[PDB]
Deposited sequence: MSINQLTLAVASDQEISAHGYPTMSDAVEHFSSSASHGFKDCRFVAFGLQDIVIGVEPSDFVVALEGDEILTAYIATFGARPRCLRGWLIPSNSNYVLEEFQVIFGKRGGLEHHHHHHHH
């Protein structure tokens, strides 16, 4: 539930998603157990900073107002979408979040 995430703090970041949903639950379960030390939070309003992730690529989406995390394409647009967790090594600032998995 309580997570201190690495929020992207570069003007542009190099990132990547995954091609299929099965590669994503494979890859993101390791992240989820390692507190996402490898991912960066990108706010919905800052999506343009992300390079290397196509609309078809799977990332971790966050929705809510308390956030619910789930695997989704980067191009998907549900209401209440607040941001994504995206594999990246960008520079970051640590921020506390409340996340449901």
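For this session: Identify which parts of the deposited sequence carry no C-alpha coordinates, going from the N-terminal end onward.
Result: Coordinates drop out over 1-3, 69, 106-120.
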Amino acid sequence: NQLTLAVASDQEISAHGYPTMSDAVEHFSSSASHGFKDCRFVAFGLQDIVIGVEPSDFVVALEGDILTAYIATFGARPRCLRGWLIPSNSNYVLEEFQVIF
From here on, numbers count along this sequence of modelled residues.
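Exercise. On average, which has the higher Cα B-factor in the deposited entry, 73-81 or 21-29?
Worked result: Higher mean C-alpha B-factor in the PDB entry: 21-29.
For this session: Give the position of residue 36 by CA B-factor within its chain, expressed as the lowest, middle or highest third.
Result: According to the entry, residue 36 has a C-alpha B-factor in the chain's highest third.
Problem set entry | Among modelled residues of the same chain, the CA temperature factor third for residue 57 | Middle third - that is where residue 57 ends up once the chain's C-alpha B-factors are sorted.
Exercise. By the record's CA B-factor, is residue 100 among the lowest, middle or highest third of residues in the chain?
Worked result: For residue 100, whose C-alpha B-factor we compare with every modelled residue in the chain, the answer is the highest third.
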